[PDB]
Amino acid sequence: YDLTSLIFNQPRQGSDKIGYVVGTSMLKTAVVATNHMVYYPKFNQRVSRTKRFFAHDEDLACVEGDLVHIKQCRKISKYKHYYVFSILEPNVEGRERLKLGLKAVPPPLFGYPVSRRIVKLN
Amino acid sequence: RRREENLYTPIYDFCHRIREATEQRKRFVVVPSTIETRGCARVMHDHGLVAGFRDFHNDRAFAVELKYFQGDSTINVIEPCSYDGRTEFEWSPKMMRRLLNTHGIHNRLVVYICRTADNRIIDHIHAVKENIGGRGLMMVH
Amino acid sequence: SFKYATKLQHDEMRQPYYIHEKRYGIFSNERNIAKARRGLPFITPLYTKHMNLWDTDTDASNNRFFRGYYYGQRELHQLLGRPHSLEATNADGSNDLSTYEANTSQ
Amino acid sequence: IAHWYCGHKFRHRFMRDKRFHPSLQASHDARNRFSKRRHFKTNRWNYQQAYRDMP
Amino acid sequence: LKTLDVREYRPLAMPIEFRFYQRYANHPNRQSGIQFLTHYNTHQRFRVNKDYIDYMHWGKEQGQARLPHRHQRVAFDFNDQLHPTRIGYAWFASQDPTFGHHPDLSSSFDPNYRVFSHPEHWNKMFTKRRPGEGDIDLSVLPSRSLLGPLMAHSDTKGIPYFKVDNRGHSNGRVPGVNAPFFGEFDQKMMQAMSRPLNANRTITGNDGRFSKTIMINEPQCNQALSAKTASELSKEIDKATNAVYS
Amino acid sequence: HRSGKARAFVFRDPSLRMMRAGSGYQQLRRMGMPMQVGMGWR
Amino acid sequence: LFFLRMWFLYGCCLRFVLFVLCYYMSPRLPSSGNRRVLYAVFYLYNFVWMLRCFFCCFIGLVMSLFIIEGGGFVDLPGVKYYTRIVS
Amino acid sequence: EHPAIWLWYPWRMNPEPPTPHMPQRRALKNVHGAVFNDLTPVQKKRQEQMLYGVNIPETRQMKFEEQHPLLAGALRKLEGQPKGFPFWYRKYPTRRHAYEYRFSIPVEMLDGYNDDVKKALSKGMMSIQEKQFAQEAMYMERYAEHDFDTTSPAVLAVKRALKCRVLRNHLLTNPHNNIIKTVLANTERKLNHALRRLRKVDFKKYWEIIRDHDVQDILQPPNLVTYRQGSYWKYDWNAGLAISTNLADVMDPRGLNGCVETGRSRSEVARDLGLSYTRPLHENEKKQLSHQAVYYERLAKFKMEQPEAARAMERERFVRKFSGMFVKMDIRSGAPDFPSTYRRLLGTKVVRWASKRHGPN
Amino acid sequence: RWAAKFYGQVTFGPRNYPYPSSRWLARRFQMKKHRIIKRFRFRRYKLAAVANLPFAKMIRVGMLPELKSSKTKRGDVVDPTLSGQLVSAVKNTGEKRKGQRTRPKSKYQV
RNA sequence: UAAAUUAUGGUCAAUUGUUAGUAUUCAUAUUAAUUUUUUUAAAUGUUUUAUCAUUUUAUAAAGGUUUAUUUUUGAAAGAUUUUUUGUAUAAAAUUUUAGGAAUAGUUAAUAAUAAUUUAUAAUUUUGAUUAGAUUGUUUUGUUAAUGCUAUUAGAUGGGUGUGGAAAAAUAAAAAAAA
RNA sequence: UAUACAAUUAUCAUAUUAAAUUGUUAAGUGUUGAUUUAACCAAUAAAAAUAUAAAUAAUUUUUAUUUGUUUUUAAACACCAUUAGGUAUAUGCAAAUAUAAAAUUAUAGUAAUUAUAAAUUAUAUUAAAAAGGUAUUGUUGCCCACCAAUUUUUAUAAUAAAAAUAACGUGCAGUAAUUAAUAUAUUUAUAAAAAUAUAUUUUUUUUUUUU
Ligand SMILES: [Mg+2]
Ligand SMILES: [Mg+2]
Ligand SMILES: [Mg+2]
Ligand SMILES: [Mg+2]
Ligand SMILES: [Mg+2]
Ligand SMILES: [Mg+2]
Ligand SMILES: [Mg+2]
Ligand SMILES: [Mg+2]
Ligand SMILES: [Mg+2]
Ligand SMILES: [Mg+2]
Ligand SMILES: [Mg+2]
Ligand SMILES: [Mg+2]
Ligand SMILES: [Mg+2]
Ligand SMILES: [Mg+2]
Ligand SMILES: [Mg+2]
Ligand SMILES: [Mg+2]
Ligand SMILES: [Mg+2]
Ligand SMILES: [Mg+2]
Ligand SMILES: [Mg+2]
Ligand SMILES: [Mg+2]
Ligand SMILES: [Mg+2]
Ligand SMILES: [Mg+2]
Ligand SMILES: [Mg+2]
């Protein structure tokens with residue numbers, strides 16, 4: 001019981017997911033971040049976790065930062081069991097940003113954390 | 001103010017307002033006004049744990065008038081059901097029915113307030129009457 | 001509420017078997033029992049959950065687990081653009097309708 | 001609390017339970033709960049010109 | 001360290017703060033206590049970053065220096081007066097001609113009023129505490145200088161003459177303040193919290209242990225009872241009167 | 001004892017202790033929440 | 001209960017050990033005397049551990065292996081294990 | 001020479017300073033950890049344009065004349081003559097609206113006074129704080145939806161943009177006041193909020209604000225980790241603007257939805273209605289696709305014109321199918337993730353893979 | 001700060017004890033801290049943390065073969081280039097160059 | 001924002017340590033266990049057949065796996081005179097170590113392609129991969145109780161690939177074509 | 001061996017809604033010499049004063065930013081050393097009590113606990129009256145480190161670390177305790193510890209409502 005089952009009647013658990021598109025570096029492939037729910041009966045409370053999926057968009061509509069509906073399907077490639085069923089919210093700003101030749105979204109400033117100290121000046 | 005701290009609820013500090021105002025023997029308390037809060041007040045005033053109450057249709061708050069008898073209060077203890085808003089306790093009808101029973105004798109002495117699917121604020125006695133389960137709010141006696 | 005009700009080995013403490021039929025069709029498991037790899041360790045998952053708790057069919061009105069506010073319903077209301085709060089007028093999380101729901105007959 | 005789990009003291013058990021506590025979980029605001037301090041002051045001397053493709 | 005006690009020392013004293021720490025706090029800056037009955041955003045008075053209190057100069061009239069000032073209190077005693085309703089007598093013309101100024105109508109009453117507290121407003125911490133020293137904000141106490149009234153003195157009369165303001169009292173027409181006041185004063189709040197005994201909220205009531213108050217509320221039509229309201233009153237009257245404890 | 005466990009000032013109302021237990025693991029097992037994916041008892 | 005004193009029982013109630021040395025040690029004041037301490041050996045997962053335990057037992061004709069049980073505390077600091085019988 | 005070295009004599013509280021010594025003056029970070037040495041030429045232009053003076057746009061005079069032609073008619077009769085009645089009051093709805101002279105004194109009120117007074121209330125005589133408030137009022141007026149609008153996103157974003165520039169150049173001058181470092185960082189955060197709400201309210205204004213004041217550096221997602229989990233895009237969910245688009249003006253909705261009964265995706269119903277939604281492509285995707293489109297023509301040409309080479313390759317493939325690990329497809333062979341479903345083989349039996357996970361799952 | 005303010009738990013008194021530490025306890029732990037610090041000084045400890053290296057793992061320079069105090073114990077194995085650079089750092093830390101900021105000096109620093 | 005009755009209904013929550021100034025779930029208690037006792041297991045030769053062959057007879061050896069294990073009817077059941085269909089291999093959740101860093105026959109598109117196809121690739125600080133320990137999602141014990149504390153065992157790669165399905169090299173207690 | 005924290009107030013190290021930052025002033029020569037100090041020794045001595053308002057409240061800064069170490073003595077005081085000097089106070093680096101925690105010690109296997117506050121303790125110039133105890137029939141009371149043997153665990157730094165411990169030899173660190181103690185900082189060293197820079201009372205108090 002969470003948002004996803006609240007909106008959908010799913011034939012099988014995880015057959016529908018709503019998420020955001022994070023990155024498209026792969027042709028006809030949209031990566032999607034999605035939330036699901038965990039219950040701790042000891043404390044009687046819920047937590048939201050998050051998970052990434054590869055979804056198959058033929059025809060390449062999805063721009064990074066789209067709100068998409070996603071469904072379970074035929075095995076497509078090694079990691080893609082999901083396809084983009086519908087764009088709920090497209091990214092209008094991102095699309096106009098692309099049309100001008102710029103990247104959909106600015107690339108994140110820092111990468112993953114390190115245990116070193118990088119001294120890089122000028 | 002931070003993460004580890006409990007997440008307070010209008011019910012939580014409603015109960016603690018009343019408790020502290022009862023300890024200082026005050027006649028009036030100004031207290032948070034939400035649906036289930038003034039629900040709780042009407043129920044307490046039904047059972048006579050409280051002298052009176054009013055909502056002035058002021059947005060934030062409304063007021064409760066406390067009752068004292070024989071020099072101490074009419075309220076022994078008043079406690080909220082949950083410390084957080086992130087925790088929600090559900091009361092099965094059989095549980096609310098257990099409360100009513102003290103080793104074979106019917107006990108209405110203590111009152112428990114709860115929400116219904118129907119948005120009603122009820123004591124556990126009417127709840128058991130119509131056999132509906134509800135979400136816990138507070139106990140008082 | 002006691003230890004005897006902890007033991008589900010009684011049939012009186014356990015959701016009955018037939019539920020799994022009602023969800024997946026009748027005599028559906030006889031298929032699964034003849035499967036190649038079975039019961040070592042795992043068997044084709046047996047779904048028995050009291051039918052008023054089913055996540056698939058039921059919703060916020062008949063099922064108490066849906067109307068839990070701070071994780072399911074909070075997100076839903078943020079998304080749909082209803083005003084919401086901890087202790088609200090409507091059973092689920094919400095003080096009022098959103099703009100779309102007020103302006104459109106569904 | 002069984003004494004074999006985690007440290008030899010008791011409080012070590014509750015110190016690893018705080019790792020699983022529901023309202024303590026890692027998110028976009030609270031990050032790197034388990035080693036905060038290895039990553040501290042890591043980029044101080046790393047000079048990165050921010051990304052602007054728009055005037 | 002040495003794992004044992006080298007000294008055999010048993011103090012017999014049991015200070016109440018050491019034992020029950022749930023109810024008492026000996027830490028400095030935590031002394032203001034747990035008060036729920038304040039108006040601030042924390043029930044813990046000592047985390048509140050707004051009004052820092054002054055233990056030396058405060059609490060003449062309020063008792064302890066921890067407790068809220070007379071004008072900010074959200075809880076009221078039985079025999080103590082509650083807040084004055086601000087005005088900002090003409091409207092008592094219907095009343096007793098001799099009746100003077102009602103005790104609860106005040107010209108100047110500010111629920112938001114900054115009381116001067118030294119540790120906030122005069123802060124000597126960064127200094128050696130010599131006679132002139134410490135940093136002071138003057139925005140708290142109203143200026144007793146003559147500079148103000150001199151600098152602003154004009155031939156155009158004041159705001160009241162010019163009637164610049166819109167609105168008025170925020171509640172619109174108020175029997176005490178704007179409009180005239182008719183009928184009787186309820187000085188205790190007895191009629192102000194009562195429970196409607198009726199589905200129409202026409203008749204309301206207040207019950208003590210052994211006494212019962214039935215009050216007819218129809219201020220619009222001048223307390224003229226309808227057929228339904230009267231047939232209702234004959235119910236509330238005899239159900240109040242045939243009650244066991246009245 | 002700055003170094004040691006927090007103690008309640010008074011007891012806890014047992015009735016409330018039983019009211020907060022409604023959604024606990026035993027009640028869930030009785031409702032049938034967890035999927036039975038293995039042989040279980042023989 | 002003190003659970004770290006039992007380290008060499010390894011989750012067992014009793015142990016089997018072989019005799020090596022027997023020396024004497026003086027207890028913590030104000031208890032004077034000589035406490036007899038037997039220095040024993042046993043093996044687990046092909047590791048040979050030297051166990052050090054309090055000799056309360058009765059020695060008859062010369063014998064080798066003992067049976068070790070853990071107790072409460074004793075006069076002598078540092079010696080957790082006690083002797084049941086000698087075989 | 002090569003990495004910095006911290007030397008710590010452990011009896012001392014802290015290490016000795018490093019050998020290369022670092023820069024003598026600490027770099028000034030923005031909120032996200034990016035470094036600005038100085039204002040960018042654009043921001044610099046904004047402050048140089050604040051400093052010497054601001055101006056009321058004749059836009060306001062114009063809409064004043066079209067909306068209240070009578071009042072403007074009166075002022076048009078009376079120019080240069082001292083006025084005892086302020087006809088111009090509609091032109092300046094708010095106290096803040098008149099910035100061209102000190103103390104919110106409208107221009108046409110100075111008609112009958114001394115020229116010395118006129119110079120004493122001029123822009124040149126403003127304090128610096130007053131000048132900031134001037135620039136802020138001008139810009140707030142150009143982006144405001146009505147006169148008294150403050151809290152709306154565009155206004156908020158602009159005023160915070162300005163405040164931010166001011167604090168930035170201030171820190172450029174006098175290096176250590178960390179009070180204002182902190183206030184700059186907080187302002188930058190609230191600016192980030194305001195802008196990200198703007199692009200989902202009206203995006204062109206969002207664009208032209210970024211282009212006027214040159215803040216794109218606080219719209220950059222902070223770090224890859226929290227971005228990959230889609231918590232950067234998760235913001236406009238919390239703000240409640242996620243569904244706010246009102247498509248129909250853009251993006252004809254007919255091909256954005258999937259078929260519930262059919263099961264076909266949105267790309268499918270778009271295919272069927274003969275519509276194409278496709279994001280503009282970079283050169284990557286274009287040259288990949290244009291390389292792939294032609295496979296069959298290249299192949300047809302190959303097997304027509306050069307049969308022997310083909311037959312060689314085919315020999316190798318056909319014979320390969322009989323050699324190799326698995327000859328037939330079973331649950332074991334047809335496991336899409338081999339190392340994942342059998343992890344228990346990975347060290348000992350199966351040496352091909354050194355790790356159990358190469359993908360999301 | 002890098003080093004430890006305290007050693008062991010210096011504030012142990014009963015709850016609501018209205019000071020961080022009692023005199024007795026703080027004196028005990030002052031003793032232990034004293035012993036440790038004195039050990040650091042006389043053995044001539046030196047630690048280093050180098051850029052572009054794991055930081056939590058600190059090269060102990062006081063054990064390096066050149067700077068080692070003992071004539072007996074085998075010191076440590078650190079890269080030849082890096083160790084040369086560490087030796088140069090320790091050496092040129094010693095004395096005050098004018099125009100540089102004055103930094104505390106001691107016998108045990110050499 | 002009013003009370004309620006045609007009256008005990010819808011079937012039992014109930015806590016037992018003789019301590020040693022005080023603060024803090026910590027020795028000596030009961031229940032459950034190991035200490036502790038031969039009233040439930042068991043021996044080798046599976047069996048037909050058309051003869052050097054061909055039919056019947058499919059998950060207890062070990063290794064140590066935490067994003068992990070998933071599947072058909074073509075065998076038998078099984079009934080007509082012969083051609084008989086379609087549905088399956090895919091996923092989602094839950095995943096341990098006090099003091100925490102990078103992993104890799106590697107992602108996605110093309111296709112029954114490429115030991116050198118094309119690409120701005122994939123996993124990771126929302127805790128990865130190695131490495132320790134460990135047989136995973138109806139089984140226990142204590143308890144008035146949200147808890148704490150158990151649950152075995154059984155799926156370990158390929159290399160003339162038989163068979164419906166690899167589950168195929170002692171170790172039954174499954175009647176195996178009169 | 002298993003067998004139920006708190007959530008109304010809990011002092012050592014995981015900060016967070018905040019208004020600051022910047023100011024060029026002062027002071028110096030007449031003359032024949034015992035100043036300062038409990039006491040020594042070097043040897044011109046005078047001095048560095050001004051700012052309020054304003055900044056809006058909350059929702060994704062936790063790899064970012066931040067908590068008294070600072071160029072210039074040809075300028076002193078002060079401090080450290082001793083007639084021969086050093087140093088003389090926020091441009092590098094530096095997270096860190098203001099508390100989110102589960103019996104003491106201990107680098108998270110060592111010993112079995114520890115910590116704690118009001119009982120009791122004869123001399124402080126009132127027309128005799130205010131006072132502290134790590135001891136517990138109580139100063140002939142207790143305790144503190146180094147300096148040997150041994151015992152035991154390990155994350156082996158001049159001479160490893162830690163814990164048990166009842167010798168020998170130095171002293172006299174602590175109980176307002178013979179220059180009050182306590183914490184941080186820096187230096188110093190037979191050993192407790194000592195010098196200086198800041199905070200502070202688990203140290204004992206001495207008290208001008210315009211003169
Ligand atoms: Mg149980
Ligand atoms: Mg003691
Ligand atoms: Mg005493
Ligand atoms: Mg053990
Ligand atoms: Mg003993
Ligand atoms: Mg897979
Ligand atoms: Mg392996
Ligand atoms: Mg020191
Ligand atoms: Mg096997
Ligand atoms: Mg492993
Ligand atoms: Mg899974
Ligand atoms: Mg799978
Ligand atoms: Mg083989
Ligand atoms: Mg902390
Ligand atoms: Mg200097
Ligand atoms: Mg040893
Ligand atoms: Mg040693
Ligand atoms: Mg002494
Ligand atoms: Mg001393
Ligand atoms: Mg002394
Ligand atoms: Mg000291
Ligand atoms: Mg010394
Ligand atoms: Mg010292």
# chains A, B, ... in the order shown; residues from 1 in each chain; ligands from 1
call {"tool": "residues_around", "arguments": {"residues": "range 11-27 of chain F", "least_positions_apart": "2", "cutoff": "10 Å", "atoms": "only C-alpha atoms (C1' of nucleotides)", "output": "PyMOL selection string"}}
result
(chain A and resi 40-45) or (chain B and resi 77+79-82+87-92+95-96+98-99+112+136+138-139) or (chain C and resi 1-3+5-8+13+65) or (chain F and resi 7-9+29-34) or (chain J and resi 13-15+144-147)
call {"tool": "residues_near_ligand", "arguments": {"ligand": "ligand 19", "cutoff": "9 Å", "atoms": "only C-alpha atoms (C1' of nucleotides) and all ligand atoms", "output": "PyMOL selection string"}}
result
chain K and resi 173-174+179-181+193-194
call {"tool": "residues_near_ligand", "arguments": {"ligand": "ligand 6", "cutoff": "7 Å", "atoms": "only C-alpha atoms (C1' of nucleotides) and all ligand atoms", "output": "number ranges by chain"}}
result
A: 78-79; H: 336-337, 340, 361
call {"tool": "select_by_dssp", "arguments": {"residues": "range 43-115 of chain A", "states": "strand (DSSP E)", "output": "ChimeraX atom specification"}}
result
/A:45-56,67-77,80-89
call {"tool": "interface_residues", "arguments": {"of": "chain J", "to": "chain E", "cutoff": "12 Å", "atoms": "only C-alpha atoms (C1' of nucleotides)", "output": "VMD selection string"}}
result
chain J and resid 1 to 3 21 to 24
call {"tool": "interface_residues", "arguments": {"of": "chain A", "to": "chain I", "cutoff": "6 Å", "atoms": "only C-alpha atoms", "output": "list in words"}}
result
residues 115, 116, 117 and 118 of chain A
call {"tool": "write_last_selection", "arguments": {"atoms": "N, CA and C atoms", "output": "compact mmCIF listing (two decimals), in the first residue's frame"}}
result
# COMPACT_ATOMS: atom_id res chain seq x y z
N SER A 115 37.67 9.30 -0.53
CA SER A 115 38.36 9.32 0.76
C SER A 115 39.70 10.03 0.67
N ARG A 116 39.98 10.60 -0.49
CA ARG A 116 41.21 11.35 -0.68
C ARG A 116 40.96 12.85 -0.57
N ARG A 117 42.02 13.64 -0.65
CA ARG A 117 41.90 15.09 -0.74
C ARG A 117 42.51 15.52 -2.05
N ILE A 118 41.68 16.00 -2.97
CA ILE A 118 42.21 16.40 -4.27
C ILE A 118 42.62 17.86 -4.24
